[PDB]
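What follows is one structure encoded as structure tokens, with my remarks underneath.
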Amino acid sequence: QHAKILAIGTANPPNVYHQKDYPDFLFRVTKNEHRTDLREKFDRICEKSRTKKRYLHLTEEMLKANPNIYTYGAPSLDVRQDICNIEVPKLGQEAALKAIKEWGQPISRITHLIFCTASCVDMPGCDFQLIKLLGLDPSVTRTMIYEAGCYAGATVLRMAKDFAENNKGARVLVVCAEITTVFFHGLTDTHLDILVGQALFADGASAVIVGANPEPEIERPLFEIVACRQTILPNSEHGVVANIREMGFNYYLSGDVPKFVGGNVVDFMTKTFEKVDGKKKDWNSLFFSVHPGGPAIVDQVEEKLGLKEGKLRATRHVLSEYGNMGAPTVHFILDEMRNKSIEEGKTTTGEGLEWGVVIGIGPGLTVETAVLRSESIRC
Amino acid sequence: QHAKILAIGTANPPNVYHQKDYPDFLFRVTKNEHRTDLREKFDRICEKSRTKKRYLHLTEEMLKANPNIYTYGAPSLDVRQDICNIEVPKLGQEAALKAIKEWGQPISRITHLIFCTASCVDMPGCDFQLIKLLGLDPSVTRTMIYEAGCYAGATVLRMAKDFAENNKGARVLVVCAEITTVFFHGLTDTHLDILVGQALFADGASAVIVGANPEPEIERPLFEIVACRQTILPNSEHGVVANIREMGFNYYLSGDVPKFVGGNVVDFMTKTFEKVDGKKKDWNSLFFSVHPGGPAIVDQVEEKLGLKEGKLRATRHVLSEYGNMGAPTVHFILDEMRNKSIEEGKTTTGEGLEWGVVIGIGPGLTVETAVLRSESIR
Ligand SMILES: CC(C)(COP(=O)(O)OP(=O)(O)OC[C@H]1O[C@@H](n2cnc3c(N)ncnc32)[C@H](O)[C@@H]1OP(=O)(O)O)[C@@H](O)C(=O)NCCC(=O)NCCNC(=O)CSCc1cc(-c2ccccc2)on1
Ligand SMILES: CC(C)(COP(=O)(O)OP(=O)(O)OC[C@H]1O[C@@H](n2cnc3c(N)ncnc32)[C@H](O)[C@@H]1OP(=O)(O)O)[C@@H](O)C(=O)NCCC(=O)NCCNC(=O)CSCc1cc(-c2ccccc2)on1
């Protein structure tokens, strides 16, 4: 009796930034219009980004009030934390209320809380703040995952599976919330990686309810979490790095990350399915939620697994409509896949297919996979 | 077939700071010898600390090279992180190798890693760094617990229990490591909480191996992890607060923390043991590992549970010889208990008793308890 995803909810900040407008906005508000060299590079990145819009908490007024945020290397962690330590739990609350509504049970039935964010850190943590906001039982069993990065949307499902399967009757609320205000940096030719994050990173929160043994006529499973695997891709420690500094959360992104993912995807898929049935080819038989760290990562997975046109539609849709929101993104993709499956009259939440995978990719490079089964479309 | 603790190892930095000498050291190296008011307050706190010595990575030469560390409020996070992001995994490695030696199995048999620290934060994290240092399998399943605080020595056992019990054959390495360089602050009459941390906080690392179904005649259990509970004590959000800031990890401590623990201990103990048996427990029938956040917390547990003289000896011994090292401290206490039980010829690792508890206490206030059973000495 495996752990099941029983509900998914999502949320984003209200302010929409269309990619067509973002170069103009970024260069104007950061006083960098003279950097026509960097604007050329940024335009090219945005054109290739396959991201049409993003939701962001950060506003121009916040930058005007705190110009150190766009002054590369200037001290600004404290103002960023003052924002994110409040806004991350709040955005998580909105997603959680949506998941709880879908789930249909009283909040008092939640026994476990996993909160994940790479956007802030505080003691007590976001988990404690969310307990207050939602009125969760004060004795909920908590896991607070700080600063894991972009594999964690799969990792939190793995953790929830073990908690839900080993604790009879447990119901795990999983909340992943990101506010990228802490990662916003100004522009310098000595740190061009910032142009990539400025084009792709975005804000959002997901909430998932996980439990084994669904209650008939109340609970309705969407996916089953069958097996998981986490691995470090060889010789890729420089792939994604982020340091918590006086200047905020600074980050570095190697241009070789897509090549590392493509060079390892057959292997990490094969070793994951060794835990299930030994599948080693014919990857088009699965449905997929792939963390869209950037468009080239999605393209590498498609190419090296030999995926047919449209196999990664749900992944690409979320990248287009929301950008890379970090750990929550794969949950947005599962929600989109469930929604489109309803629209199309599919027999299951996984595009009509039985088996699928979630692929999270982040620092290490670390890849966490979760093999899922879909569920029949009901209620 | 519950999860069992199969090994415990510990480590500390090499520099010993005897409490008798610490006020002189602190006020000299931070250039505060003129603050006779603050010195008298600090002397009184140290006298009541029940801490005889502590091990610290921080040295006077580091303070001389980085005086922003002792200049209250000055930007210093970057230098602190540059130290702790290296030193936390290295100290954890030392403790882990000791645990792995006791366990007696190859490093390649470890399937899961939990790393816990409140002393630093980085991406990739300390778990990744420890994988490199030890040569763990690159596919170990990891949980990296950053900035939980002083309840986490119980929490990591709860997490290890679930991972070990839900994954056949799993062997979990758990490492908690603290280097308080990130929490060191200078002295100001506007923030007297620093005097308490300066008297009590200390450095150390623990490592525990956890697995269900130990191999007969190859692995030897020390304790069984039976059941766990985490709870927030009502109306105590101001008890322990720590913020990650440009000045380092700043913290505030309410003088009411001991009274909050005492006012809730019967309840949290009762509700924890309700998860195991419906009969009332005699608290003196248990062995105890209590997080010694300060001496008054230990006294409050003793008083409100009606514990007999000497029941908390192992807890008090660790506080005396090591100070409050954060999350690892309860593991040092279990190790001390096991060692003293060998010395005394007791029949079990838990002072000759069958049932016991680990009590972790930290921000929230949050208390996490883990009910243990002892094992035969063998
Ligand atoms: C970049 C595109 C779209 C462009 O398209 P393209 O590169 O395919 O085409 P082309 O190469 O021909 O042109 C592109 C031109 O841009 C330049 N160029 C590309 N790449 C880099 C780079 N890497 N450095 C410096 N320059 C770079 C080249 O130089 C080239 O110019 P030139 O070479 O032709 O002269 C594509 O590559 C792609 O998807 N890349 C993969 C990106 C990647 O790593 N995603 C993983 C994201 N990881 C993280 O977020 C974790 S980190 C800190 C952190 C963040 C969070 C978080 C995040 C979000 C939300 C909440 C929290 O939590 N933690
Ligand atoms: C304090 C003693 C020893 C005194 O001994 P006493 O009671 O016998 O004598 P008395 O009270 O009569 O006299 C004492 C004099 O000091 C003053 N005074 C006392 N109390 C406070 C306070 N609260 N504020 C401001 N002044 C305070 C009085 O006013 C009096 O002043 P004056 O009148 O004499 O001048 C005793 O009370 C006691 O144990 N209390 C409970 C202590 C406690 O909660 N520890 C919680 C530990 N939490 C944490 O580590 C997490 S936090 C940030 C953080 C740290 C870490 C971490 C830590 C270690 C390692 C790795 C990571 O991760 N995160």
Side-chain angles (χ1 to χ4, degrees), chain A residues 30 58 62-63 66-85 87-88 117-123 125 146-150 178-198 201 237-254 326 362-364, chain B residues 62 65-69 71-89 117-126 128-129 144 146-147 179-185 242-251:
Chain A
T30 67
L58 185 63
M62 290 171 211
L63 291 176
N66 305 281
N68 272 12
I69 292 177
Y70 66 78
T71 304
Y72 184 87
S76 57
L77 176 66
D78 291 351
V79 293
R80 295 162 192 275
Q81 284 267 76
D82 290 341
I83 291 163
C84 294
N85 282 327
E87 295 302 328
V88 169
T117 186
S119 289
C120 61
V121 56
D122 202 31
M123 290 163 65
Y146 273 130
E147 281 74 65
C150 280
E178 299 296 342
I179 300 285
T180 63
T181 289
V182 77
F183 290 106
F184 185 106
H185 298 289
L187 314 179
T188 167
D189 63 48
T190 72
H191 193 172
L192 291 176
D193 314 49
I194 298 306
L195 293 187
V196 175
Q198 282 284 2
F201 298 170
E237 183 178 345
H238 61 291
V240 178
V241 171
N243 311 129
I244 292 73
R245 310 295 283 170
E246 292 163 33
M247 60 180 281
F249 291 15
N250 196 25
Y251 61 89
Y252 295 95
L253 306 171
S254 174
Chain B
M62 289 172 217
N66 307 273
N68 52 334
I69 291 176
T71 305
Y72 184 87
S76 54
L77 176 67
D78 293 346
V79 295
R80 296 162 190 274
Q81 284 265 79
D82 288 344
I83 292 162
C84 304
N85 282 324
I86 289 291
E87 296 303 328
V88 165
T117 185
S119 289
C120 60
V121 58
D122 203 26
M123 295 171 84
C126 294
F128 176 89
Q129 300 300 347
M144 179 61 246
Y146 272 128
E147 283 73 65
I179 300 283
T180 61
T181 287
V182 75
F183 291 105
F184 184 105
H185 297 289
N243 312 127
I244 290 69
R245 305 298 276 179
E246 294 162 24
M247 80 186 258
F249 291 15
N250 197 26
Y251 60 90

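The sequence lines fix the lettering, A, B, ..., with proteins before strands; numbering per chain opens at 1. The figures here come from the full heavy-atom set of this structure, side chains too, leaving out hydrogens, waters and symmetry mates.
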Evaluate the side chain to side chain contact (heavy atoms under 4.5 Å, CB included) criterion for residues A:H185 and A:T71: first the C-alpha distance (whole Å), next the side-chain angles of each, then the deciding distance (0.1 Å), finally the verdict. CA-CA 7 Å; A:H185 298 289; A:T71 304; over 6 Å; no
Given the rule in the side chain to side chain contact (heavy atoms under 4.5 Å, CB included) test, do B:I244 and A:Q81 qualify, once you have shown the distances and angles that lead to the verdict? CA-CA 8 Å; B:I244 290 69; A:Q81 284 267 76; 3.7 Å; yes
Side chain to side chain contact (heavy atoms under 4.5 Å, CB included) assessment of B:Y146 paired with B:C126: CA-CA 9 Å; B:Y146 272 128; B:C126 294; 3.7 Å; yes
Taken in chain and number order and not counting sequence neighbours, the residues that satisfy side-chain hydrogen bond (donor to acceptor under 3.5 Å, both in side chains) with A:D193 are none
Could you check whether any side-chain heavy atom of A:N85 comes within less than 4.5 Å of a side-chain heavy atom of A:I83, counting everything from C-beta outward? no
Just by distance, with hydrogens left out, do A:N250 and A:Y252 show a side-chain donor and acceptor under 3.5 Å apart? yes
Under a 4.5 Å cut-off applied to non-hydrogen side-chain atoms, are B:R80 and B:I179 in contact? no
With the side chain counted from C-beta on, respond yes when B:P89 and B:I86 share a heavy-atom pair under 4.5 Å apart, and no when they do not. no
Which heavy atom in A:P363 sits nearest to a heavy atom in A:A148, and how many Å separate them? CD-O, 3.6 Å
Flag yes if more than 12 heavy atoms outside A:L192 fall under 6.0 Å of its CG atom; otherwise flag no. yes
A:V121, A:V182, A:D122 screened by side chain to side chain contact (heavy atoms under 4.5 Å, CB included) with A:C84, the one that passes: A:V182
Please give me the minimum heavy-atom distance between B:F183 and B:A118, naming the atom from each residue. CZ-O, 3.3 Å
Determine whether A:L58 and A:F184 make a side-chain contact, defined as any pair of heavy atoms from C-beta on separated by less than 4.5 Å. yes
Would you confirm whether the ring centroid of A:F201 sits within less than 6.0 angstrom of the ring centroid of A:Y251? yes
Please examine the side chains of A:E147 and A:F249, heavy atoms only from C-beta on, and report whether any two atoms are closer than 4.5 Å. yes
Taking the six-membered ring for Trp, are the ring centroids of A:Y72 and A:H191 within less than 6.0 Å of each other? yes
Measure the SG-CD distance between B:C120 and B:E87 for me, rounded to the nearest 0.5 Å. 10.5 Å
Quick one, A:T188 with A:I194, criterion side chain to side chain contact (heavy atoms under 4.5 Å, CB included). Give me CA distance, side-chain angles, the key distance, then yes/no. CA-CA 8 Å; A:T188 167; A:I194 298 306; 5.9 Å; no
CG/A:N68 to CG/A:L63 distance, rounded to the nearest 0.5 angstrom? 11.5 Å
Heavy-atom side-chain proximity of B:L77 to B:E246 below 4.5 angstrom: no
Any side-chain heavy atom of A:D78 within less than 4.5 Å of one from B:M247? no
Are any of the side-chain heavy atoms of A:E237 and B:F128 separated by less than 4.5 Å? yes
